[PDB]
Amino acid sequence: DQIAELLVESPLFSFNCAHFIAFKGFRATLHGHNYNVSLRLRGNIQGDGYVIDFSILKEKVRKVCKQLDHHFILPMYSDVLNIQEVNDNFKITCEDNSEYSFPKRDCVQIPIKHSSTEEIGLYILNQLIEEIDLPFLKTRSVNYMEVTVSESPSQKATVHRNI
(Lines of atoms letter the chains of each structure in order from A and count residues from 1; the text may use other names and numbers.)
(Lines give C-alpha, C1' and ligand atoms only; values in the text may rest on other atoms or scores of the structure.)
Protein backbone atom coordinates (compact mmCIF):
# COMPACT_ATOMS: atom_id res chain seq x y z
CA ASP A 1 0.00 0.00 0.00
CA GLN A 2 1.16 3.50 -0.91
CA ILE A 3 0.37 6.46 1.37
CA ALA A 4 -0.68 9.79 -0.16
CA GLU A 5 -1.60 13.10 1.41
CA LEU A 6 -4.38 15.13 -0.18
CA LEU A 7 -4.88 18.89 0.13
CA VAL A 8 -7.94 20.87 -0.94
CA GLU A 9 -7.86 24.66 -0.77
CA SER A 10 -9.69 27.44 -2.59
CA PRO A 11 -10.94 31.01 -2.36
CA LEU A 12 -14.34 29.19 -2.40
CA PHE A 13 -13.83 27.63 1.07
CA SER A 14 -14.69 30.92 2.67
CA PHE A 15 -16.95 32.34 5.30
CA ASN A 16 -17.22 36.09 5.45
CA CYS A 17 -18.14 36.76 9.08
CA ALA A 18 -18.21 39.45 11.77
CA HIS A 19 -16.78 38.74 15.24
CA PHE A 20 -14.94 40.30 18.10
CA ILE A 21 -12.32 38.90 20.45
CA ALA A 22 -12.98 39.04 24.18
CA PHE A 23 -11.08 37.39 27.00
CA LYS A 24 -10.27 38.39 30.60
CA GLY A 25 -9.09 42.01 30.69
CA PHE A 26 -9.54 42.53 26.92
CA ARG A 27 -12.23 43.29 24.31
CA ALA A 28 -11.74 44.05 20.57
CA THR A 29 -14.07 46.28 18.63
CA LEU A 30 -16.56 44.65 16.25
CA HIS A 31 -15.05 43.80 12.88
CA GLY A 32 -14.89 40.93 10.39
CA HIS A 33 -12.86 38.68 8.10
CA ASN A 34 -12.91 36.57 4.97
CA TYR A 35 -12.01 33.37 6.76
CA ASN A 36 -10.53 30.65 4.58
CA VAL A 37 -10.42 26.88 5.25
CA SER A 38 -8.13 24.22 3.82
CA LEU A 39 -8.32 20.49 4.44
CA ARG A 40 -5.44 18.01 4.36
CA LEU A 41 -5.75 14.26 4.86
CA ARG A 42 -3.74 11.02 4.58
CA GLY A 43 -4.70 7.50 3.44
CA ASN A 44 -3.77 4.75 0.97
CA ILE A 45 -4.36 5.01 -2.76
CA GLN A 46 -7.45 2.87 -3.48
CA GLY A 47 -8.17 0.51 -6.40
CA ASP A 48 -10.00 3.36 -8.15
CA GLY A 49 -6.79 5.48 -8.09
CA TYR A 50 -7.91 8.01 -5.44
CA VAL A 51 -7.33 8.16 -1.65
CA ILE A 52 -10.77 9.86 -1.71
CA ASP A 53 -12.49 11.86 -4.51
CA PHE A 54 -11.51 15.59 -4.39
CA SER A 55 -15.12 16.49 -5.39
CA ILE A 56 -16.50 15.12 -2.10
CA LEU A 57 -13.92 17.03 -0.03
CA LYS A 58 -14.74 20.24 -1.92
CA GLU A 59 -18.50 19.59 -1.45
CA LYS A 60 -18.30 19.13 2.33
CA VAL A 61 -15.79 21.95 3.04
CA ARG A 62 -18.15 24.19 1.03
CA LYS A 63 -21.13 23.01 3.12
CA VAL A 64 -19.51 23.70 6.52
CA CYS A 65 -18.23 27.08 5.31
CA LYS A 66 -21.70 28.01 3.99
CA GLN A 67 -23.28 27.51 7.47
CA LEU A 68 -20.92 30.08 9.00
CA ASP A 69 -20.77 32.51 6.03
CA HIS A 70 -22.53 35.90 6.26
CA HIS A 71 -23.10 35.71 10.06
CA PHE A 72 -21.78 37.13 13.31
CA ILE A 73 -19.90 34.33 15.06
CA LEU A 74 -21.14 34.00 18.59
CA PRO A 75 -19.26 31.86 21.07
CA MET A 76 -21.59 29.78 23.26
CA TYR A 77 -19.23 29.10 26.11
CA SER A 78 -17.40 32.38 26.73
CA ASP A 79 -16.64 33.18 30.39
CA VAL A 80 -16.49 36.95 29.70
CA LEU A 81 -19.70 37.57 27.70
CA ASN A 82 -23.20 37.90 29.08
CA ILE A 83 -25.44 36.69 26.26
CA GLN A 84 -29.14 37.60 26.68
CA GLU A 85 -32.15 36.68 24.54
CA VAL A 86 -34.19 39.84 23.96
CA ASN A 87 -37.21 39.40 21.67
CA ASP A 88 -35.66 38.13 18.40
CA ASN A 89 -32.15 39.41 19.15
CA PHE A 90 -29.09 38.37 21.18
CA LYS A 91 -27.90 41.16 23.44
CA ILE A 92 -24.26 40.82 24.40
CA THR A 93 -22.73 42.64 27.37
CA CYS A 94 -18.97 42.72 27.91
CA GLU A 95 -16.89 43.04 31.12
CA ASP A 96 -16.28 46.76 30.37
CA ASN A 97 -20.11 47.11 30.12
CA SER A 98 -20.05 47.53 26.32
CA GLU A 99 -23.31 46.37 24.82
CA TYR A 100 -24.20 44.87 21.44
CA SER A 101 -27.43 43.60 19.99
CA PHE A 102 -27.95 41.51 16.83
CA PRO A 103 -30.89 39.63 15.33
CA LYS A 104 -30.52 35.99 16.42
CA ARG A 105 -30.79 34.98 12.72
CA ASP A 106 -27.72 37.15 11.93
CA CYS A 107 -25.72 35.04 14.44
CA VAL A 108 -24.29 31.55 14.39
CA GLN A 109 -23.94 30.11 17.85
CA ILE A 110 -20.88 27.89 17.97
CA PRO A 111 -19.82 25.64 20.88
CA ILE A 112 -16.55 27.52 21.51
CA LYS A 113 -15.25 29.90 24.20
CA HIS A 114 -13.51 32.45 21.93
CA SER A 115 -14.02 33.33 18.27
CA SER A 116 -10.28 32.76 17.73
CA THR A 117 -8.82 31.09 14.68
CA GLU A 118 -7.62 28.16 16.79
CA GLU A 119 -11.03 27.39 18.33
CA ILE A 120 -12.87 27.97 15.09
CA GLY A 121 -10.42 25.45 13.50
CA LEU A 122 -11.14 22.76 16.13
CA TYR A 123 -14.90 23.29 15.59
CA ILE A 124 -14.59 23.06 11.78
CA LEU A 125 -12.37 19.95 12.02
CA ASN A 126 -15.08 18.21 14.10
CA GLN A 127 -17.86 19.38 11.75
CA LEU A 128 -15.93 18.27 8.62
CA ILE A 129 -15.40 14.78 10.06
CA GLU A 130 -19.20 14.56 10.69
CA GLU A 131 -20.18 15.94 7.25
CA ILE A 132 -17.82 13.67 5.24
CA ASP A 133 -18.74 10.87 7.74
CA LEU A 134 -16.20 9.03 9.89
CA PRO A 135 -17.18 5.52 8.73
CA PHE A 136 -16.97 6.64 5.07
CA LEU A 137 -13.50 8.10 5.75
CA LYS A 138 -12.43 4.76 7.21
CA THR A 139 -13.71 2.79 4.18
CA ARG A 140 -11.36 4.98 2.06
CA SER A 141 -8.50 4.20 4.56
CA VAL A 142 -8.10 7.83 5.69
CA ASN A 143 -6.21 7.92 9.08
CA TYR A 144 -5.44 11.68 9.46
CA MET A 145 -7.56 14.82 9.06
CA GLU A 146 -6.18 18.33 9.42
CA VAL A 147 -7.82 21.73 9.08
CA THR A 148 -6.15 25.09 8.52
CA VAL A 149 -8.18 28.24 9.10
CA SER A 150 -6.92 31.69 8.08
CA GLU A 151 -8.34 34.93 9.49
CA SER A 152 -6.47 36.79 6.75
CA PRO A 153 -3.79 35.72 4.24
CA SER A 154 -1.06 36.40 6.88
CA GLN A 155 -2.30 34.45 9.97
CA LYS A 156 -3.41 30.81 10.15
CA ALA A 157 -4.11 28.10 12.75
CA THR A 158 -3.87 24.38 11.99
CA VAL A 159 -5.39 21.51 14.03
CA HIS A 160 -5.52 17.75 13.39
CA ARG A 161 -7.01 14.46 14.56
CA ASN A 162 -5.69 10.92 14.12
CA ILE A 163 -8.67 8.72 13.13
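Throughout, we count residues from 1 along the sequence that is shown.
*Higher-B stretch (mean Cα B-factor, as the entry records it), 99 to 107 or 50 to 58*: Per the PDB entry, the higher value belongs to 50 to 58.
*Take the C-alpha B-factors listed in the entry for 132 to 140 and for 64 to 72, compute each mean, and give the stretch with the larger one.*
In the deposited entry, the stretch with the higher C-alpha B-factor mean is 132 to 140.
*What third of its chain's C-alpha B-factors does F23 belong to: lowest, middle or highest?*
Middle third.
_Assigned third (lowest, middle, highest) for the C-alpha B factor of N44_ = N44: CA B-factor falls in the highest third of its chain.
_Quick check for you: using the entry's CA B-factors within this chain, is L12 in the lowest, middle or highest third?_
Highest third - that is where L12 ends up once the chain's C-alpha B-factors are sorted.
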